[PDB]
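Two versions of one and the same chain are coming, encoded as structure tokens; call them structure 1 and structure 2.
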Structure 1
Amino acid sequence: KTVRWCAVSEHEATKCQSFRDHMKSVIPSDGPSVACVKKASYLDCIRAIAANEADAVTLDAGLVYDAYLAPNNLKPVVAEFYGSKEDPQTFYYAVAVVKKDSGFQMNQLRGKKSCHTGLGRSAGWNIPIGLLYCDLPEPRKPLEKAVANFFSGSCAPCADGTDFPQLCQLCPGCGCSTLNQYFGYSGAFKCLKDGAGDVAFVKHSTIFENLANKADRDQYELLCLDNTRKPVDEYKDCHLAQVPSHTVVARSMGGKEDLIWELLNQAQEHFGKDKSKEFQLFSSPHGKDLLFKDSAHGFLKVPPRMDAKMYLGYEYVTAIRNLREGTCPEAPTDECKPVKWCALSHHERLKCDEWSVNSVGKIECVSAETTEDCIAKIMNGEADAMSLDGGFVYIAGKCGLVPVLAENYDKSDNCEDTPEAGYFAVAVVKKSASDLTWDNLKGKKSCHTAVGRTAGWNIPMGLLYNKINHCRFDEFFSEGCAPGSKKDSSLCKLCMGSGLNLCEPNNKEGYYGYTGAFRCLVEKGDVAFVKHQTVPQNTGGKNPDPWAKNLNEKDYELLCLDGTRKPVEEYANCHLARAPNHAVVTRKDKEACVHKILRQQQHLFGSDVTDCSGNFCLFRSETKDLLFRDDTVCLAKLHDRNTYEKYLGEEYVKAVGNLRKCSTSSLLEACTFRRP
């Protein structure tokens, strides 16, 4: 079909007509076409697409947020990168360069000297002041005046010093051009180097452009949003905001996003960077930056799950909203706003609601459709916390959330203190054939508690993905039983069960669970994937069943990842990976509050005296493990500022990640697109 692009000037409108003409040529008779709808401005192109009069346009961050707001409600469908297919550089980072050991944190700039790249610029002002908005003295309008009282002097190019002198103190006159060496990225940075100002709100690339030698940067460092500093080389881990450089948008519903991609893509390949000589898609013969930015290297599809909020990022959004809405809480103090939990089900909403009233307002509830939606919500700001299993802890991590409290299941006189890292997913094989290794495990017979399990599938299959390469996880083992397959695979054809319960993920199956898989080994099975607590539990006659009558633990041996072999005695050093417990996650900030609020709450309705029924019990569920596993003794503190990686272990993260190449999830790729 034909895509109606939208230009905002006659020049840009001409270039669109060449794009239409040049396509009807190098594009098959039935390929992506491109019509041209010119308008007066960006906001008009936006509204036109909203009205289905236009199909798409390319906008900067600012206007991207503008296209999201109703009634427009548009979303990002295609981005432009400025590097290689390895180093896309689709975004840029608004940072705040400072001096080593300066002595201050973002949350305490009050009474400082700042260097902005120029008033009204994004990285240099909108974003920095947007963030510091409520930290300014009332009235907050005019804006220039308020920022003056905050920053005890500074350099704000293009700002009217005549009415508010404080902003041109470091650079009198506030020269809005190069005539002023403290104007711009380079200039604002020079305003810090020269020692004039304390902080230089600039871009991530700024310091690397005004300083070649590395030993030079060391004296400089970034200011992070969680009141911390870090090396200017680590901006991706410490930036005031992440903003998309240039984005193609379309109606969120019926915006023809796929068709827009089929055009842009099939176009960057015909007339893309240096591609053709007949037409330079990213070049403007008449003027600069038309339809696409001149410096664009190509296009990149945006994951469909992505929407403007998630795309711009929490920092960005919060900053621009302050700027445009201007709304701050009356009584600050930071008494920790109620924690918004996320229910992903009716019964979960109910249990959460009961929890709410019994929290005296400390806890609030939010309802999202899916575990992934909640996660998006905890990123957005719409939700604050929630518990997730290892698989989703990983996904929340890649999305920027963090683990704060891990659900503990064992009991002691100090459950909250000592954290639990979970059991171990080991690989057991009959020591009858001493020649089997993690490597020659291919083409043999396996045993899986059930496809989709942590210990009997995810971990092993994920750690073994390298050999498999392709997503044909069954075509790796000659046979074996893994309940849950297509009921006829190489792994399902070795499972008993009736004509219906044949190879099924339930008790009605024989080789199901941690016991069934061990059985599968005692029979038609070379390798069996289970947990450390399965061997000395299904042997010694501890199982009065026919097969496990009294098998011997000593006759089985554990396989280690490095390649060697070891007994079930010291599995600790011969396990595939460690399966974690569920853990509550939250946005980086809010961490202290969640950590705090969830403690008191745990003392009031936790695993206290068996006084439920007549009182609310936070770890008991109407139906089954609702907001929390019903076997959660307490919410242990992760002590160290555990991050999804430090909390899952390297083995675990590797497993899940590989496995995610076959079992995609909309949320995960969207977050990855923003941070690979």
Structure 2
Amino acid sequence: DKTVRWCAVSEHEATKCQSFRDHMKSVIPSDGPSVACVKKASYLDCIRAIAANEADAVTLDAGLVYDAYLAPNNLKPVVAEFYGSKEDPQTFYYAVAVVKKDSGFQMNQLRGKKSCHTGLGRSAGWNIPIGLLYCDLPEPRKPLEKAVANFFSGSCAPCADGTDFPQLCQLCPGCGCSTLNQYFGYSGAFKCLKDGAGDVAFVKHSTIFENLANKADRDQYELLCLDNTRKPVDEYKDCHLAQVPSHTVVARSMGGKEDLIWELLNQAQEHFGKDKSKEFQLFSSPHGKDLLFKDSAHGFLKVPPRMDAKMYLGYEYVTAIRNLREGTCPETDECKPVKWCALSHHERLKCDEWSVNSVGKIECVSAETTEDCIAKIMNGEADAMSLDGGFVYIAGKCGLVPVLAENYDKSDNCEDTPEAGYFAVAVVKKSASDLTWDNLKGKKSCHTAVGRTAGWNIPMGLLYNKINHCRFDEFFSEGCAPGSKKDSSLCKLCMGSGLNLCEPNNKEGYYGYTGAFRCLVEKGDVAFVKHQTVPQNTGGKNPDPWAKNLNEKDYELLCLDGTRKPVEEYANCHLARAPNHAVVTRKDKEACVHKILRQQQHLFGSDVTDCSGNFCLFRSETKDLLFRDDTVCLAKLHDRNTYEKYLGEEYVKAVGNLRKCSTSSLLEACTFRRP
């Protein structure tokens, strides 16, 4: 009996839910998803009920989504209400801080200015901006209204207590809580900025587009960005205080029935959604306003599995709300420890050594996969890591920015010398001949890991263009592509032990460039790797028993034109050019990371002669720990600070051409917040 127990917060809701239940029954087959209405006293009660497995779903505003996520409720966003249109649905709105043109102050310059808020306890109007400013407020920070009244020189804070904190009503005396106050609400605040009452208005992105009579004249205003610059009003996606989801249905994280819920809601919108039926409207009711869903809902979208409450609300929102709930401020004032994210134990061990040697300027966090780590960087849990260009692509879509680049070219100009990137090559045994780029079908393949430039993106994208279909495990007989689904044929050649098999970290010995080459040696027909890999691993350069006796002349590269050439010929035989691996971070950590890493590499960088008695940041044993082992230095990006600018137009098109084949969960989640 597959039944979604929906939680109602009022009798009016309860009766709407029952109408919902009865109408679904007339549409869904008996055997399928049905509604059960369970009534509770309040949203908290509902959240607890869902956690207690006494009920299944409820729809929350943003703040409650956060509450729902905390222990011991541990609930997650599953379905999203969207607004305004099917082709361009608004799941989210953006809280922005809007100011006048050329008024010359940034977000960290706000102390002393005059503020306009939509009203107290509103999200964009109050909670977000005050939350992000919380540490800038003078102590005591309790009670909040008093602190805020001391931060700004004067305000309009509708609904604020003006009796106790006069300056909060200064721009709208009385602090009126209704539209009777010309400064109340969204338009109210904007009109307060326009009137020249305040210096800044805290509103959402749609506010100025809606409230300007002339509609050009937006060029008279800008937005404050968290990095302390200003962008034009149209740039709000890139300049905003927080991105918040409007109305979100949540369920248990484990055993939450997310499938059932999405099946139910999807069928419901089909029959009862906007304009769909005269018999029942999911999105209105006679009984009241906004029952079970907002009346302005146009439909539902499924929230991607990878998402969790922190990731869905976003870094900035969570920062603001945590500041408000917890209330902990740091006591100072220069660069804090950079938290580096390590891949499993291998990377964690070296990262610890790095931290001890940097005397605390570096700290360590582990995750079992690159995607996991990237998400921690999004969180705040971690600060930075270095990434294969395929992952600087994903991190980019996830909002992270590139800061320094790995340089593999040897010179005394290194940090100041941009590189064009290395080469993705297809490597085969000289002994096996007549196997060509023209048909590799049915042969056995070795990849660095799924989603990586040479090992995956370049060769598979090309193959995709040839074969025009996504299943490469059907194309190759077998292979090792770490990060593949474990029951795939692309996990079969992997050397990983037990559950380690095909894991995309160093627990799998076929993981990474060297890992892949060892796979070609020991199992496969063709390995996808960087052009440097065969010379690095032959001629005794690699001491380990497997590669100890390997000779370079025993391998050849597959040329696109259907021919083969010796591995030195890689300039004229290659699959494509790969952008150098780069370090990525959050925009807010980007200055600190750039400065700390430059110091750190001057200390531990390839200038370090003896790598035994001392720590060498750029070396490990064949494993590329924390950085490629061939990294000469970390180089200045300059204008190239966005993933798109950094990778180049050509690579970003190639990876995008592969979008239909993507197994990436994190990419799915990210492109959902920001297409």
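Take the two forms, superpose them, and find the largest set of C-alpha atoms that agree within 1.5 Å; that set is the rigid core. Numbering for residues begins at 1 and runs along the sequence of structure 1.
- Would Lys277 and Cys115 count as one rigid unit between structure 1 and structure 2? Per C-alpha fit, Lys277 goes with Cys115.
- How big is the turn of the smaller rigid part relative to the larger between structure 1 and structure 2, in degrees? After superposing the larger part, the smaller part appears rotated by 55 degrees.
- Give me the C-alpha shift of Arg453 between structure 1 and structure 2, core superposed, in Å. Here the C-alpha difference is 7.3 Å.
- Please state the CA displacement of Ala421 between structure 1 and structure 2 in angstrom, with both forms fitted on the core. In the core superposition between structure 1 and structure 2, the C-alpha of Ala421 moves 2.7 Å.
- Query: Once the rigid core is matched, what's the CA displacement of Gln600 between structure 1 and structure 2 in angstrom?
  - Reply: Between its two positions, the C-alpha of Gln600 lies 0.8 Å apart after core fitting.
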